[PDB]
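Below you will find one chain, with nothing else, as structure tokens; this is the form deposited in one PDB entry, and questions on how it binds or moves follow later.
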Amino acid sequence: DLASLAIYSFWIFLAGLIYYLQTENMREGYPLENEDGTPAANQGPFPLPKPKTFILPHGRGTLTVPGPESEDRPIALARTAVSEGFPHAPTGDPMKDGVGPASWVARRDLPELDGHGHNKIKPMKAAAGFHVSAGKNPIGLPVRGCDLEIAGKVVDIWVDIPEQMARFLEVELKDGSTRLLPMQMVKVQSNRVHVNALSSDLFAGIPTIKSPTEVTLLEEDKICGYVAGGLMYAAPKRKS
């Protein structure tokens, strides 16, 4: 009957749909590889989808996926076993090298632009008409690392103009240079800003930005990467 028809029909629809859904999520990081980077033998039942090309605003070109994949940065890792499936140990300083939970991707070295073609993110000093409207203004508060030692002082807030949001705290270190600190990895308190991931001694290692009034996708990744990695690698310095 009709009902039987409809339901049998639907289970068929649903199956080609999953198939669709699945092949679309195969647009990045495919095809699969062996730990040595050579193409892996068994890529699953699903074919790579036919490529699609994105037209990036503000004449920043195009992006076609799937496409040629490459890390475009050295990886300082060495195998710890003779068969597949085991960890790869950092061969240096994982933090300094950017592997592990400290990994960063070679994103473009251009900043994210808003709908108008202006830099999406800005130090608040250069963002005409922005102010802390609620909560504790961090600016001026010392910054404490997981080792409970003071590392610097907030000397500005880098805001996201189109979404009117605090993205990073800029921090002034003992030598007078500054670093950005992701907003999402710090606790703003009444008399201090506490950073659990990094011990005071690692703040200097936080990668620097080439221009003082801009951050690029590459530098966001290298920073967030680094600060995140502290959680696992600063661990010996963290007390509480």
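C-alpha atoms forming the largest set that superposes within 1.5 Å between two forms make up the rigid core. Note that residue numbering begins at 1 and tracks the sequence as displayed.
Item to complete: Quick one: say whether 96-104 or 148-156 has the higher mean Cα B-factor in the deposited entry.
Response: In the deposited entry, the stretch with the higher C-alpha B-factor mean is 148-156.
Fill in: Average Cα temperature factor in the PDB entry - higher stretch of 5-13, 220-228
Taking the mean B-factor of the alpha carbons in each, 5-13 is higher.
Discussion item. Among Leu173, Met26, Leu181, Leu32, where is the Cα B factor highest in this entry?
Written reply: Out of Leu173, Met26, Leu181, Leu32, the record gives the largest C-alpha B-factor to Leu173.
Fill in: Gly61 - which third its CA temperature factor falls in, relative to the rest of the chain
For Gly61, the deposited C-alpha B-factor lands in the middle third.
Discussion item. Is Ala166 in the lowest, middle or highest third of its chain when residues are ranked by C-alpha B-factor?
Written reply: Tercile = middle for this residue's CA B-factor.
Practice prompt. Would you mind checking where the Cα B-factor of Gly117 ranks among the modelled residues of its chain, as the lowest, middle or highest third?
Written response: For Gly117, the deposited C-alpha B-factor lands in the highest third.
Worksheet item: Which third of the chain holds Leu202 when residues are ordered by C-alpha B factor: lowest, middle or highest?
Response: It belongs to the middle third of the chain when residues are ordered by C-alpha B-factor.
Fill in: Ranked against its chain, the third holding the CA B-factor of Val132
Ranked within chain, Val132 CA B lands in the middle tercile.
Just so it is clear, the following notes concern the form deposited in another entry, a form of the same protein that is not shown.
Item to complete: Overlay on the rigid core first, then point out the one of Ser190, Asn34, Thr53, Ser211 whose CA is displaced 2 Å or more between the shown form and the other one.
Response: Single residue meeting the criterion: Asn34.
Practice prompt. Would you tell me if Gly44 moves between the shown form and the other one by 2 Å or more at its C-alpha, with the rigid core held superposed?
Written response: Yes, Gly44 moves 2 Å or more.
Worksheet item: Fitting the rigid core first, would the Cα of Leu21 be found 2 Å or more away between the shown form and the other one?
Response: Comparing the forms between the shown form and the other one, which are aligned on their rigid core, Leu21 does shift its C-alpha by 2 Å or more.
Item to complete: Report the direction of the Cα distance change between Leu17 and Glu28 in the other entry, compared with the displayed form, as closer or farther; the change is 3 Å or more.
Response: Here the pair is farther apart than in the other entry; there, closer.
Item to complete: Note whether the distance between the C-alpha atoms of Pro49 and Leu32 decreases (closer) or increases (farther) in the other entry, against the displayed form; the change is 3 Å or more.
Response: Those two alpha carbons end up closer in the other entry.
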